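A single chain, nothing else alongside it, follows as structure tokens in the form deposited in one PDB entry.
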């Protein structure tokens, strides 16, 4: 039961839902069909539960990486935009909303890491990673540092690692090959070796986490930091004069940060598929549609070419998109769990000097496969719980038989 004759939308609380409701208000005045916008707690946890039974919203807004799991479960419907509508959004975004060859969601916003520099300390940010060590010595004389960013999470260190030919899984033929991992290749080796060399030459500290990195830049202690659009608001409050720009190149190659895409998916159980399509394609994914949402709570860089060109007058939003286009799209597959587990360990152990770069990255392959087994066990036993509960109910009972 989702109610035929109306649309119900689920979007997270930190987004411009009131602005989205104004698009749904515009939709009513034209079609006479009422659009409700709901923003429930942990909707990402709730959606798989309710949609499995045939309930939940008509449309759901979330990051694309979580949509891979929804489509695996058959909770999302295959969308049908034509060639001409597909030309409206940046071609690279459409690859993020693909599962099993077929398209499963509409890309809305684009999210990726950028290089954030202090304008007062550093008017000309470096274009290369290689010139940062020399730039640190020049700033250490003034009692400052060149660069401080989170080293604990692989998400932040990956841009450098992937610069030279490092990848999570090979994306070819619209499918991720899980037998083709680019974690201990030549380019990932050099990327991490540069990061470790930065640490043992005291240009960075191996223990630097998110808090330590943010607090440093916002006090004016460090000239540069690596962070996403979610951090801009806190830098605005610190009164620091900052700029957001393209990430530094390593061995002439651009940094490849992970790209997160906010996407709109249609519930497979929805009896209003065509209505949702009309809403999303012809009301929301238009200049006026995205503007209403952006004015409530900024979307950052958007998928729609026409509206992105208008936001890109903000040099920070242009930088987000530029880094995104040069970046790697976040894979939406289940194997991504084992990847994080292994690479998080790999970088920690190389940065501490516990393992060589060569041996820490080699260990990732065997460490991720090990984690896949725990997940493989996890699913097997929860299946048995269900099986026993299944029979326990019908077949032999305190008041039944077979």
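Positions refer to the first chain, counted from 1.
- Mean CA temperature factor is higher for 119 to 127 when stretches 104 to 112 and 119 to 127 are set side by side in the entry.
- Legend: mean Cα B-factor per stretch from the PDB entry, 380 to 388 versus 15 to 23; the higher mean is in 15 to 23.
- Going by the entry's values, 222 shows the largest Cα B-factor out of 255, 325, 222, 263.
- Remark: of 361, 63, 369, 336, 369 shows the highest value [criterion: C-alpha B-factor in the PDB entry].
- In the PDB entry, a CA B factor belonging to the middle third of its chain's modelled residues is recorded for residue 44.
- Looking at the C-alpha B-factors along this chain, the one for residue 30 belongs to the highest third.
- Compared with the other modelled residues of the chain, the Cα B-factor recorded for residue 332 ranks in the middle third.
- In the deposited entry, the Cα temperature factor of residue 250 places it in the lowest third of its chain's modelled residues.
- Annotation for residue 166: C-alpha temperature factor in the lowest third relative to the rest of the modelled chain, per the entry.
Keep in mind that the form deposited in another entry is missing from the display, and what follows is about it.
- Comparing the rigid parts between this form and the one not shown, the hinge falls at 314 out of the candidates 243, 165, 170, 314.
- Relative to what is shown, residue 88 and residue 321 are farther apart in the other form; their C-alpha atoms differ in spacing by at least 3 Å.
- Compared with the form shown here, the C-alpha atoms of residue 255 and residue 91 sit at least 3 Å farther apart in the other form.
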